[PDB]
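Engineer: This is the content of start-v3.pdb (PDB, C-alpha atoms):
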ATOM      1  CA  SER P   1     151.654  21.105  56.888
ATOM      2  CA  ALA P   2     154.143  18.486  58.205
ATOM      3  CA  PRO P   3     152.875  14.937  59.068
ATOM      4  CA  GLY P   4     154.564  15.164  62.548
ATOM      5  CA  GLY P   5     154.650  11.680  64.161
ATOM      6  CA  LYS P   6     156.126  11.997  67.689
ATOM      7  CA  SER P   7     158.697   9.213  67.779
ATOM      8  CA  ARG P   8     162.311  10.340  67.110
ATOM      9  CA  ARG P   9     165.428   9.432  69.135
ATOM     10  CA  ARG P  10     167.943  12.261  68.399
ATOM     11  CA  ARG P  11     171.059  10.202  67.577
ATOM     12  CA  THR P  12     172.815  12.611  65.118
ATOM     13  CA  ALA P  13     173.944  16.225  64.482
ATOM     14  CA  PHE P  14     172.870  16.438  60.821
ATOM     15  CA  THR P  15     170.195  18.894  59.511
ATOM     16  CA  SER P  16     167.493  18.619  56.815
ATOM     17  CA  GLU P  17     169.802  20.779  54.699
ATOM     18  CA  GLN P  18     172.771  18.339  54.742
ATOM     19  CA  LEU P  19     170.244  15.420  54.617
ATOM     20  CA  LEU P  20     168.818  16.584  51.275
ATOM     21  CA  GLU P  21     171.577  14.923  49.209
ATOM     22  CA  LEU P  22     171.591  11.902  51.606
ATOM     23  CA  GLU P  23     167.942  11.207  50.659
ATOM     24  CA  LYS P  24     168.328  12.467  47.035
ATOM     25  CA  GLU P  25     170.506   9.402  46.293
ATOM     26  CA  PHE P  26     167.372   7.201  46.838
ATOM     27  CA  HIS P  27     166.041   8.857  43.636
ATOM     28  CA  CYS P  28     169.232   7.783  41.762
ATOM     29  CA  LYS P  29     169.476   4.198  43.125
ATOM     30  CA  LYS P  30     168.011   1.964  45.896
ATOM     31  CA  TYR P  31     171.442   1.168  47.416
ATOM     32  CA  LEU P  32     174.638   3.022  48.442
ATOM     33  CA  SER P  33     177.893   1.036  48.179
ATOM     34  CA  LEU P  34     180.979   2.046  50.239
ATOM     35  CA  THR P  35     182.406   4.268  47.409
ATOM     36  CA  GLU P  36     178.949   5.804  46.890
ATOM     37  CA  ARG P  37     178.289   6.424  50.624
ATOM     38  CA  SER P  38     181.632   8.276  50.835
ATOM     39  CA  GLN P  39     180.438  10.741  48.108
ATOM     40  CA  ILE P  40     177.714  12.559  50.178
ATOM     41  CA  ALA P  41     179.738  12.058  53.400
ATOM     42  CA  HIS P  42     182.608  14.041  51.747
ATOM     43  CA  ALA P  43     180.209  16.292  49.723
ATOM     44  CA  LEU P  44     179.202  18.451  52.666
ATOM     45  CA  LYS P  45     180.640  18.028  56.223
ATOM     46  CA  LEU P  46     179.330  14.607  57.424
ATOM     47  CA  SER P  47     180.985  11.670  59.245
ATOM     48  CA  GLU P  48     181.080   8.173  57.597
ATOM     49  CA  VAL P  49     180.910   6.820  61.196
ATOM     50  CA  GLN P  50     177.429   8.334  61.577
ATOM     51  CA  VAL P  51     176.404   7.023  58.102
ATOM     52  CA  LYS P  52     176.685   3.461  59.616
ATOM     53  CA  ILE P  53     173.890   4.269  62.143
ATOM     54  CA  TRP P  54     171.968   6.554  59.743
ATOM     55  CA  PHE P  55     170.852   3.292  58.008
ATOM     56  CA  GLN P  56     169.513   2.005  61.390
ATOM     57  CA  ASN P  57     166.575   4.429  60.717
ATOM     58  CA  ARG P  58     165.698   3.139  57.188
ATOM     59  CA  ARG P  59     163.118   0.583  58.438
ATOM     60  CA  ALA P  60     160.940   2.797  60.701
ATOM     61  CA  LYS P  61     158.880   4.406  57.905
ATOM     62  CA  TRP P  62     156.649   1.455  56.898
ATOM     63  CA  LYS P  63     156.678  -0.006  60.472
ATOM     64  CA  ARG P  64     154.962   3.199  61.651
ATOM     65  CA  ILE P  65     151.974   2.158  59.487
ATOM     66  CA  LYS P  66     152.588  -1.654  59.515
ATOM     67  CA  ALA P  67     152.655  -1.592  63.331
ATOM     68  CA  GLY P  68     151.650  -5.276  63.687
ATOM     69  CA  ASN P  69     152.691  -8.714  65.035
ATOM     70  CA  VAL P  70     153.089 -12.451  64.167
ATOM     71  CA  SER P  71     151.340 -15.602  65.392
TER
END
Take the structure in the file and give it back as structure tokens.
Structural biologist:
Amino acid sequence: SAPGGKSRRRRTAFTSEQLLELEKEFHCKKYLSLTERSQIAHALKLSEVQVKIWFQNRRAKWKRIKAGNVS
């Protein structure tokens, strides 16, 4: 059963199916250089423009849980 979590701005036209590889690289390495980012982008059908903003999502995960503030 999926964990849900109703916060998601739809800002792209990718699918879980094209995303598989795009997440799979996190199991190879923690970082995707320009040459490396252009592999998956050219591996399926994706747009290196969108890849720029795809990284704007890579902070939400722990902030969902670590929803908290500073003095």
Engineer: In terms of the shortest atom-to-atom distance over all atoms listed in the file, which of P:32, P:43, P:51, P:60 is closest to residue 7 of chain P?
Structural biologist: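 Smallest distance to residue 7 of chain P is found for P:60.
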Engineer: Counting only C-alpha atoms, figure out which residue out of P:48, P:2, P:14, P:8 gets nearest to residue 35 of chain P.
Structural biologist: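 For residue 35 of chain P, the nearest of the candidates is P:48.
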Engineer: Rounded to one decimal in Å, what is the spacing between atom CA of residue 59 of chain P and atom CA of residue 42 of chain P?
Structural biologist: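 So the two atoms, atom CA of residue 59 of chain P and atom CA of residue 42 of chain P, lie 24.6 Å apart.
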Engineer: Can you list what the PyMOL selection byres ((chain P and resi 11) around 9) grabs from this structure, as a short mmCIF file (atom, residue, chain, number, x, y, z; two decimals) with C-alpha atoms, in the coordinates of the input?
Structural biologist:
data_model
loop_
_atom_site.label_atom_id
_atom_site.label_comp_id
_atom_site.auth_asym_id
_atom_site.auth_seq_id
_atom_site.Cartn_x
_atom_site.Cartn_y
_atom_site.Cartn_z
CA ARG P 8 162.31 10.34 67.11
CA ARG P 9 165.43 9.43 69.14
CA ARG P 10 167.94 12.26 68.40
CA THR P 12 172.82 12.61 65.12
CA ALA P 13 173.94 16.23 64.48
CA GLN P 50 177.43 8.33 61.58
CA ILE P 53 173.89 4.27 62.14
CA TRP P 54 171.97 6.55 59.74
#
Engineer: Excluding residue 44 of chain P and its own-chain neighbours fewer than 3 positions away, which residues fall within 10 Å of it when counting only C-alpha atoms? Please give them as a ChimeraX atom specification.
Structural biologist: /P:17-19,21,39-41,47
Engineer: Which residue, P:52, P:29, P:5, P:23, has the smallest gap to residue 65 of chain P when you use all atoms listed in the file?
Structural biologist: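 Among the listed residues, the smallest separation from residue 65 of chain P belongs to P:5.
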Engineer: How far is it from atom CA of residue 61 of chain P to atom CA of residue 25 of chain P, in Å with one decimal?
Structural biologist: 17.2 Å
Engineer: What is the distance between atom CA of residue 15 of chain P and atom CA of residue 49 of chain P, in Å to one decimal?
Structural biologist: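 Pair atom CA of residue 15 of chain P / atom CA of residue 49 of chain P returns 16.2 Å.
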Engineer: Nearest residue to residue 6 of chain P out of P:45, P:56, P:64, P:34, using only C-alpha atoms?
Structural biologist: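 That would be P:64, the residue with the smallest distance to residue 6 of chain P.
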